[PDB]
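Chains as they are written, first to last, in PDB author numbering: chain B, 1 to 34, 51 to 209; chain A, 0 to 34, 51 to 209.
Ideal Cβ positions, reconstructed from N, Cα and C, are used throughout, including at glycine.
Here the structure is laid out as structure tokens; the discussion comes afterwards.
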Amino acid sequence: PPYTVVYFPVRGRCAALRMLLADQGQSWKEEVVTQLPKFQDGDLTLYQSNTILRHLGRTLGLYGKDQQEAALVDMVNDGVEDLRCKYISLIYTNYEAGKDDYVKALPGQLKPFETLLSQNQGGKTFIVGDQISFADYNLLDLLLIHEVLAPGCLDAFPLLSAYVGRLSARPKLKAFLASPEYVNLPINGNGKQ
Amino acid sequence: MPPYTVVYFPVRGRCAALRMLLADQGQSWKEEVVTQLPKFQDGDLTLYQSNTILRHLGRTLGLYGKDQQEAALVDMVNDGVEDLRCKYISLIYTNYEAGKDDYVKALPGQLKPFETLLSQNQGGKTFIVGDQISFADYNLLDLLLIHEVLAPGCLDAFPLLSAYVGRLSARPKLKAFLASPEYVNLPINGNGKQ
Ligand SMILES: [As]
Ligand SMILES: [As]
């Protein structure tokens, strides 16, 4: 249906959603605000990034092939959101004093995703099952912003590296990620990354 | 053995709602006590985190709306329940004595959106979303029950929420579970505060 995304003028908790829409060849309108995002799909109004991701998962079939996979998609997404919460708290609340210890902790925070990949067709497909889910887009965005926070952080992790390279190369997603609409938006809204 | 196992602390906490849901749906499960959680097993599937569990049971027991639109509305209601639950948890463990007066004065404004939801859905006479029970109902019921303990009479400002609690609490299987030692003899939280 007709989509509208309302958010602050940053990537933030909106980036994964946008990546998903772009890659899935959906059209949407952006409305700027100077819990979000607010999302409109016909007469339906949604708030909160994870609730929006799940909705798009159901409607566009990005939620696993069955009930069991759906639950696994949720658990992976929970793990993405736990790290993202720690990121947001670092960025907006303790960047200076906190960063050194955050980056120290970071390889331990990434390993579980590497292991998860290692248990799903040799890490050659997606984070859950044989087809992309909303968890993949969210995990990709998380990995990308961590590479800015800590360049080289995926170097020790070959499945996660190939995974980012592979998903980033899907042609609609690639075009989106190279575009100014993505590249020229700040990651967060306080100058920090 | 039961196909379900719940693994948690000896508290109600984040497990209360799913236990109520399982009891109300006439399901059998095993409790394992531990001195990420709760952990939930359903056959060889292992889940963590109360909301992911609730959603799993919503999908399998048909408690996730009648269609995709309702499913998303269930999720939003659930988000609301979890936001207030997160503030409650903050109060309980972090600032109970100095914070309680403030939290209770703010409580009306936190509760009002749920009352409004009910008033927009068949005059508050069925469930929080649609005409069938969902996992958000169980989660909201628990949040309301524990706020009645924190702030007795807090629902006197909310006629629809009051009747809703009375109505859901009277569902036979759930009623028996809520009166049972299994529920009554666990404390609401882990730090003695409520
Ligand atoms: As956090
Ligand atoms: As909170």
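C-beta neighbour in chain A for residue i, strict 8 Å
i        : result
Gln147/B : no
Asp94/B  : yes
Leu62/B  : yes
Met91/B  : yes
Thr67/B  : yes
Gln83/B  : yes
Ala121/B : no
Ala86/B  : yes
According to DSSP, residues forming a beta bridge with residue i
i       : result
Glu31/A : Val6/A
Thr61/A : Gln56/A
Beta carbon proximity, residue i to chain B, threshold 8 Å
i        : result
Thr75/A  : yes
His71/A  : yes
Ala151/A : no
Nearest neighbour of residue i, chosen from the options [CA to CA]
i        : options                               : result
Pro202/A : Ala172/A, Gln64/A, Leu160/A           : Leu160/A
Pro167/A : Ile68/A, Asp116/A, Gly145/A, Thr61/A  : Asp116/A
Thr61/B  : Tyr3/B, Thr109/B, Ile107/B, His162/B  : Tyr3/B
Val32/A  : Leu132/A, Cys14/A, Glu163/A           : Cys14/A
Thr141/B : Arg182/B, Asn110/B, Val96/B           : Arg182/B
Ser184/A : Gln209/A, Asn154/A, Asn204/A          : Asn154/A
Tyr63/B  : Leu76/A, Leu133/A, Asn93/A            : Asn93/A
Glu130/B : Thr109/B, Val199/B, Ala16/B, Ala178/B : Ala178/B
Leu106/B : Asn200/B, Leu189/B, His162/B          : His162/B
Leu132/B : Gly95/B, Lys102/B, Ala16/B            : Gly95/B
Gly207/B : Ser27/B, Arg100/B, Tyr108/B           : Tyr108/B
beta-carbon residue i near ligand 2 non-hydrogen atom, thresh 7 Å
i        : result
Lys81/A  : no
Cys101/A : yes
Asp98/A  : yes
Any non-hydrogen atom of ligand 1 within 7 Å of residue i CB
i        : result
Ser105/B : yes
Between the region 148-163 of chain A and the region 79-92 of chain A, are three or more C-beta pairs nearer than 8 Å?
yes
I'd like to know if the region 133-146 of chain B and the region 191-199 of chain B are in contact, where contact means that at least 3 CB-CB pairs between them fall below 8 Å.
No, the region 133-146 of chain B does not touch the region 191-199 of chain B.
Contact between the region 3-22 of chain B and the region 52-59 of chain B is defined here as three or more beta-carbon pairs at a separation below 8 Å; is this criterion met?
Yes, the region 3-22 of chain B touches the region 52-59 of chain B.
Counting pairs of Cβ atoms below 8 Å between the region 9-27 of chain B and the region 64-79 of chain B, do you hit three or more?
These segments touch.
Cβ pair count under 8 Å reaching 3, the region 166-185 of chain A against the region 112-132 of chain A
yes
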